[PDB]
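Enquirer: Pasting an experimental structure, sequence included:
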There are 2 protein chains.
Amino acid sequence: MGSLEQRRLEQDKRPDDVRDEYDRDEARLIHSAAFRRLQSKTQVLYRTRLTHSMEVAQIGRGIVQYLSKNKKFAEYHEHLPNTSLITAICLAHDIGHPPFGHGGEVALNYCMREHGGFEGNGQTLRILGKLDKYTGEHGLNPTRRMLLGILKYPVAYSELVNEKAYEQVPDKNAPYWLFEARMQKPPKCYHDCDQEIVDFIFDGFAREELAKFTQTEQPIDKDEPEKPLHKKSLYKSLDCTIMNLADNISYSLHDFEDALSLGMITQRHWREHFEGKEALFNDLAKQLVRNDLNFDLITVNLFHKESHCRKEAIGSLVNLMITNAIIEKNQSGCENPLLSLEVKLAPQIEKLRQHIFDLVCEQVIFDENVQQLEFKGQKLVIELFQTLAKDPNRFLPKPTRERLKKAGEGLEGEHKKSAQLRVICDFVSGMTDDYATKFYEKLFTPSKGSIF
Amino acid sequence: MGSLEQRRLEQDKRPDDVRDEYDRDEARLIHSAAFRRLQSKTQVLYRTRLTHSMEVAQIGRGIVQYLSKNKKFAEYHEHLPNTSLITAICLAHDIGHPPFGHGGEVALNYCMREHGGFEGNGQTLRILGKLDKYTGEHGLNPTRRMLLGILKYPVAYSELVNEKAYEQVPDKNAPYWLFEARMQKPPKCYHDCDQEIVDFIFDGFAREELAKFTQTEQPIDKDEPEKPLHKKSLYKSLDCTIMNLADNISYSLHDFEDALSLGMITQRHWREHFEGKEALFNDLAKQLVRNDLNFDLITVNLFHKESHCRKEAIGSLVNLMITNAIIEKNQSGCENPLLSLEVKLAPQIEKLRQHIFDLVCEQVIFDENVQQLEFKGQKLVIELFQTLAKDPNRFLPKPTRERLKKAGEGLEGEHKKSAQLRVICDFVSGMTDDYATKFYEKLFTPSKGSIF
Ligand SMILES: [Mg+2]
Ligand SMILES: [Mg+2]
C-alpha cells in the first residue's frame, strides 16, 4: 500500500527543504486562494471563517499536545498527527463552504438535484484535491493523510441521499427559490464526481478496512418514525476526530462568547436553559474540585461587566475540554490505527459541551433574523446559478468557460450536462459573499454594476 | 412618380425660407425629442449615442466631400446627397434603439413575439415617420429620400423572421426573462405595422425597382448548416451606404480608441490579434508608401503614453478609410441611381477595418461584464413591459393611454391586442436608460420612487 505522505501528483521537494510533507501542506494552504477567501466569508452572518479556523487550529494543537504527554494514552502517541498536519487539517475544514453558508449550500444542492447535489465538506475535498490552481488539475496536491483528515464523511452523496426527504407539496404559484430549506439539506458526504480523489486516499489501505470504515447508519425518528431522512456516515480518521473535536469546542464556546457580547444570550437564558441539570457544572466541580465550575460562580463571571471575568471563564471552559480529551477505539472493525482510533471528550464533559451548544443553536443559529438572512442567500445563489446555467458562455469568465468546455469533452447527453453544471457549481460555491452579491447586482439589481 | 423632396404630409415652407427641404429635415431633427434623447442613451454601457452620431455625421460629410471631387467618380457626383441630408441621415440612424441597447432590443422582441417583434432600425423609421410629436401623426414628416436613407433593411419582419431560430429547450423553472439572448435576436428589418411609411418611400419608384431592391438572402452555416437563421435584406440606398460606411468606421476606430483609453484592448491583444496578417497594415503601407502604416510604428503610436501620438494614428486611420471610399453598382438589377449605387471601402481597407472591428467585438462588445449588464437591461425591460401590458390604464401616462385607446379602435380580437401592445412597445423603446430604471424602481424596487 501507499505511504501517508504520498501525493496524487509527483511534487518532490528540493534537498534544500528539510520541511516534512505535512509542513509543505501547511505552507501551500496558507498561500492558497481557497484559504485566503476565508476572510470574506462569515459563518454566522463578526467572527469570520478565517478566525474560526485559527481558533480551531489552536484548540487542535492543544489537544494533540495534551495527548502527546498523557501517558495513559502513551500507547497511541505514535499515531498522533504532528503540529503542521493538525493545523493544515484544522485550517482547511471550512474551505468548501459556499457563500451565505447554509443558505448557499441548500441553494446549490437544490439546483444540483439531478446532477449530484452539493455539500460544503465535499467541496472542501473537491477544492483541495482538484480545483485550487496551485497545480494544473490536482488542487493543492495534499498528502494522503491530510486528505483523509478533511474527509469528515467518507461516503458518497448517491450512497447516502434519501430523495424522499426532498419531496415537496406542489405549489404552482411559488417561485423556483421558495421552499422549505430544511427538507432540501443535502447529506453530509463527498460528491460522486470526486470518487477518484477518494480512491487515492484509500489505496493506502486494505479493501476490507475501506468497507468497514465507510459503513453508514440509517437515523430514525427525527419527528416521526416514518419521516424520510438521509443516511449518515459513521466513522472519521483519527486526525479528523481531533479536528472535529476542536471544531465543536469553538462553536460551543467561542460562538457562545460572541453571543454574550452581542446580547443574543442573556443570563436569564442561561439560568433557564440550565434550570435543571445544574449538576452539568456542579458535579464536574465536585469530581475535579474546581470551585470556578460552580454554576452560580461561573454564571456571574460569564455575565460580568468586566470583560476579563468573562474571557477567564470562556478560556477556563476551553481548557477544561482540552484536558478531558480521551482517545478510544471506534466500533468500526478496522485494525488500522488511523481508521480505528477516535479522539473525544469525557462523557460528562460532552454533556456540558452539547448543552451549551444547544443554547447557541436556539438563540443564535435559529434566530429569526439570522434565518431570514440565510433565506436571502438561498434566493440570491439560486437566481445566480440559474442565470449562469442558462447562458454560461455569455456571463462566465474565460478561464471558467474553459473548464466548462473541458468538463463536457468526451461526454454527451445528460452526463455532459451534469459535468458542466458541476463547473458552474464550483464557480458559485467558490465565490465570497460580497463577490456573489456584486455578481447578483450586476445581473439583476436595477442601478448597480460596472464593467470594471 | 413622386419627388425625393416630397413629404407624406403637406408642410410647405414660407417664401422667407430658401433652405432646401433636406436642411429643414436637419433642423427638425436637432430640435426633436427623439434626437435629444441620444444624450441619456449609451451604446456600449462613456461615449453616448449622440456623440457617436456626431462622429458618424462628420465621417459621412468627409466621405461625401471626398467623392464630390474625385473625378474617377465624377459620373456619380449628381446623385450624391448634400451636406444637410447626409448629416440628418447620420444623426438619425440610432434614434430607434431602445434603452439598454441590445439587451432592451432582445427584450422587446421577445415580448412582441406574437405581435410583430421589435428591432431598433425599424423603430427609427417608426419614430421618424409617425411617432415623434413634431406633427400630429406623421412624426417629423421627413422627405422621401431621408426616409429611404435611414431604411437600412427595406424588408418586413414577417418576410425575414425564421421562428425556428426562436425555439428554446423547455424550462419549467426559469422565469419569463431568463433565456439565451442570441436565439431571440430579431431580424434586421422594418415593422409590419409601418408598411404605409415604406409604401410612401417607394411610391416614387417603379414597382420592378422595388422588387429587385427588396431582394433578400438566406444565410447558411452560422455554426452548423442546419442551424436556423433569419433572412437578411440585401440592398440599401446610396445615401444609406454612405451612412452605414461612416457608422462602421466609428465603431471600428472610435470605439477602438475608447477601448485603448479604458485599457480593454492591450498591445498584447493587438499583436496577438495581428500575430498573422501584419500585411493588413504593411502591404497597404507599401502600395500607398506611408511609413506611418507600418505595423510596428503604428502599434507604438497607438499604445503610446502621449495622448497626441494615439489620436494622430486614430485620425490617420479615420482619414485612410475616407480617402479609400469607392462607389460601385450593387448586384441588384435596379437602374435607379439611388437604388443601384453603393459606397464602400477598397477591398484591402475593408479587410483591415473588419479585423480591427473584430478585436473590438471580442474585448469590448463580448466582455463578460458588458454582457452581464446587457442581460440586466433585458430583465428590466421585460419585467417593465409585462407590468405595463397587464394594466396599461393604471400605469401609463394619459397621452400614452390615449394612443393605446386610439390604436385599438376599429379593431377587435388578436389584431386589437397586437396594435395596443405596439403602443406599449413604442413607449418602452422610447425611454431613456435612466427613465426606464426609474420606472422599474417605482414599480418593483422596495424603497424607491416618488409621485413627482
Ligand atoms: Mg468549522
Ligand atoms: Mg450607429
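Expert: Now that the structure is in, tell me what you want to look at. Numbers count the residues shown, from 1 in each chain, chains lettered A, B, ... in the order given. Ligands and ions are numbered 1, 2, ... in the order given.

Enquirer: Going by C-alpha atoms from here, please, whenever you check contacts or count neighbours.
Expert: Noted.

Enquirer: residues from the stretch 301-450 of chain A in reach of chain B?
Expert: Residues of the stretch 301-450 of chain A lying close to chain B by Cα under 8 Å from any Cα of the partner chain are A:386-387, A:390-391, A:394-397, A:442-447, A:449-450.

Enquirer: SS state for the nearest residue to residue A:422 once chain neighbours are set aside?
Expert: Among residues not flanking residue A:422 along the chain, residue A:115 sits closest, at 7.5 Å (Cα to Cα, 6 or more residues apart in numbering or on different chains). Three-state call for residue A:115 (DSSP: H, G, I helix; E, B strand; the rest coil): coil.

Enquirer: How many residues are close by residue A:17?
Expert: Using other Cα atoms under 10 Å in any protein chain shown, residue A:17 has 10 other residues around it.

Enquirer: Quick check: residues of the stretch 101-250 of chain A near chain B?
Expert: Taking Cα under 8 Å from any Cα as the contact definition, the stretch 101-250 of chain A meets chain B at A:175-176.

Enquirer: Could you pull out the helices in the stretch 101-250 of chain A for me?
Expert: Counting by DSSP state H, counting those that start in this stretch, the segments of the stretch 101-250 of chain A that form helices are A:102-111, A:120-126, A:144-150, A:157-160, A:195-202, A:207-213, A:238-249.

Enquirer: Need the residue closest to the centroid of chain A.
Expert: Centroid-nearest residue in chain A: residue A:94, 4.5 Å away (criterion: Cα atoms, centre = their mean).

Enquirer: Shouldn't that residue be within a strand?
Expert: No: applying three-state DSSP, one finds residue A:94 to be coil, outside a strand.

Enquirer: and it, what does it touch?
Expert: Residues in contact with residue A:94 (Cα atoms under 8 Å, 6 or more residues apart in numbering or on different chains) are A:49, A:53, A:120-121, A:124.

Enquirer: hmm, try it at 6 Å
Expert: For residue A:94, the contact set (Cα atoms under 6 Å, 6 or more residues apart in numbering or on different chains) is empty.

Enquirer: Of the residues of the stretch 301-450 of chain A next to chain B, which is the most crowded?
Expert: residue A:443 (26 neighbours).

Enquirer: roughly how far apart are residue A:86 and residue A:94?
Expert: The gap separating residue A:86 from residue A:94 is 14 Å, by Cα to Cα, to the nearest Å.

Enquirer: er, residue A:198 actually
Expert: Here the criterion is Cα to Cα. By it, residue A:198 lies 18 Å from residue A:94.

Enquirer: Name the residues that touch stretch A:129-148?
Expert: A:4-7, A:25, A:128, A:201.

Enquirer: Then stretch A:382-397?
Expert: Applying Cα under 6 Å, 6+ apart, the contact partners of stretch A:382-397 are A:107, B:180, B:368, B:372.

Enquirer: what distance separates the start and the end of stretch A:90-105?
Expert: End-to-end span of stretch A:90-105 (Cα to Cα): 21 Å.

Enquirer: and stretch A:156-173, how far out from the chain's middle?
Expert: 22 Å (Cα atoms, centre = their mean, to the nearest Å).

Enquirer: Kindly export that stretch (C-alpha atoms) in CSV.
Expert: Extracted C-alpha coordinates of stretch A:156-173, given in CSV (Å, rounded to 0.1, in the frame of the first residue of the first chain):
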residue,chain,number,x,y,z
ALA,A,156,-20.8,9.3,-1.5
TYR,A,157,-23.8,11.5,-2.0
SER,A,158,-25.7,8.9,-4.0
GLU,A,159,-25.0,6.2,-1.4
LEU,A,160,-26.4,8.4,1.4
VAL,A,161,-29.2,10.6,-0.2
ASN,A,162,-32.8,9.8,0.5
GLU,A,163,-34.7,11.7,-2.2
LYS,A,164,-38.0,11.0,-0.5
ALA,A,165,-36.9,13.7,2.1
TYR,A,166,-36.7,16.2,-0.8
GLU,A,167,-40.4,15.6,-1.6
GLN,A,168,-42.4,18.8,-1.5
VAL,A,169,-46.1,19.7,-1.6
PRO,A,170,-46.8,21.1,-5.1
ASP,A,171,-47.2,24.9,-5.4
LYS,A,172,-47.8,26.3,-8.9
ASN,A,173,-47.6,29.9,-7.5
